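*Asks:* how would this look folded up:
(one chain, ligands or ions: 2)
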Amino acid sequence: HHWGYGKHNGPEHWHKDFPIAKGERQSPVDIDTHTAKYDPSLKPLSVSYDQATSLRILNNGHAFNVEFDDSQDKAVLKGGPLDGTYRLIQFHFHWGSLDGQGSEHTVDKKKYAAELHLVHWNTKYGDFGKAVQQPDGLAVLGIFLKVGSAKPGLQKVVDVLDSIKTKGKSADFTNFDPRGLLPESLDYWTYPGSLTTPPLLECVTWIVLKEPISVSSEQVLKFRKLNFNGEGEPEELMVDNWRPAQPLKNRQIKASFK
Ligand SMILES: [O-]
Ligand SMILES: [Zn+2]
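*Replies:* Residues are numbered from 1 along each chain as shown. Ligands and ions are numbered 1, 2, ... in the order given. Below you will find the coordinate block:
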């Protein structure tokens with residue numbers, strides 16, 4: 001009886017094994033654009049992904065992760081609200097069973113069809129495992145997806161999903177360039193928060209971009225063909241792998257833009 005996204009093991013259950021689920025700095029949240037404070041002291045983000053090395057894609061039973069080589073400062077995030085250098089380790093998505101839901105973060109209560117998370121860790125801590133135990137250990141870049149025109153730079157990801165349909169399957173996935181997933185503008189909201197899956201540790205500086213990317217109906221359809229289950233087990237489609245919005249409690253969301 002492991003955690004997941006079903007009726008009997010889904011987000012409203014997670015607190016029984018992970019009491020931090022009801023913590024003071026849980027994610028995701030609803031971003032209220034009229035209550036977010038413009039902070040002109042925030043710098044622009046610095047995304048240097050030109051030397052990124054992707055290695056592998058895998059279905060871990062809750063999403064698919066594309067993993068990068070994080071043994072050196074090859075794909076890093078700096079600037080914005082961050083002090084120091086944060087290395088890219090993986091990206092993944094959250095999506096819905098229908099186009100009107102899927103995202104974790106909401107914007108004035110609007111849900112998007114999916115949400116991309118580019119996960120980075122603070123190099124001062126040495127490794128990812130040590131970083132998740134610190135309040136400033138991780139920086140996650142969140143990007144909304146809406147259904148419209150195709151995103152060319154995502155097609156390489158959608159084409160391999162057939163080969164990692166079930167839990168535990170992996171495939172080599174080299175020379176993928178994550179710059180093809182970024183919107184034009186890098187304006188953002190930022191707030192202190194948490195991982196949105198167990199162990200739900202409160203180690204994340206969230207950077208959520210204002211501008212969504214567009215993907216095609218056919219592209220996100222291909223995400224919905226993946227499976228939560230392992231081979232030979234009963235088929236359960238990997239859909240609605242998102243956590244609902246949590247209480248903002250005593251936090252302020254800041255915007256890099258007015
Ligand atoms: O996440
Ligand atoms: Zn995520």
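*Asks:* all strands for the stretch 51-200 of the chain, in order.
*Replies:* 54-59, 64-68, 76-79, 86-95, 106-107, 114-122, 138-147, 170-172, 188-193 (DSSP state E, counting those that start in this stretch).
*Asks:* closest to residue 38 out of these?
*Replies:* Nearest to residue 38 among the strands of the stretch 51-200 of the chain is strand 188-193; the distance by C-beta to C-beta comes to 10.2 Å. C-beta: built from backbone N, CA, C; applies to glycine.
*Asks:* and that closest one, is it in reach of ligand 1?
*Replies:* No. On the criterion C-beta under 6 Å from any ligand atom, strand 188-193 is out of touch with ligand 1, staying 10.2 Å away.
*Asks:* ok, how many other residues are close to residue 203?
*Replies:* 24 (other C-beta atoms under 10 Å).
*Asks:* what's the closest non-adjacent residue to it?
*Replies:* Spatial nearest neighbour of residue 203, chain neighbours left out: residue 137 (4.1 Å); criterion: C-beta to C-beta, 6 or more residues apart in numbering.
*Asks:* these two touch, right, that neighbour and residue 120?
*Replies:* No. Residue 137 is beyond contact range of residue 120, at 9.8 Å (criterion: C-beta atoms under 8 Å).
*Asks:* From residue 117, how far out is residue 18?
*Replies:* Going from residue 18 to residue 117 by C-beta to C-beta, to the nearest Å gives 19 Å.
*Asks:* Could you pull up the contacting residues of the residue nearest to residue 203?
*Replies:* Under the criterion of C-beta atoms under 8 Å, 6 or more residues apart in numbering, the neighbours of residue 137 are 121-122, 125, 130-131, 203-204.
*Asks:* Please indicate which of these are buried?
*Replies:* Among these, those buried by neighbour count (16 or more other C-beta atoms under 10 Å) are 121-122, 125, 131, 203-204.
*Asks:* burial count for the residue of the chain found nearest ligand 1?
*Replies:* Proximity of the chain to ligand 1 (C-beta to the nearest ligand atom) peaks at residue 196, 4.0 Å away. Neighbours of residue 196 under the rule other C-beta under 10 Å: 24.
*Asks:* ditto for the one 5 residues further on
*Replies:* Residue 201 has 19 neighbouring residues, counting by other C-beta under 10 Å.
*Asks:* That one touches residue 19, doesn't it?
*Replies:* No. Counting by C-beta under 8 Å, residue 201 stays clear of residue 19, with 11.9 Å between them.
*Asks:* Thanks a lot, catch you later.
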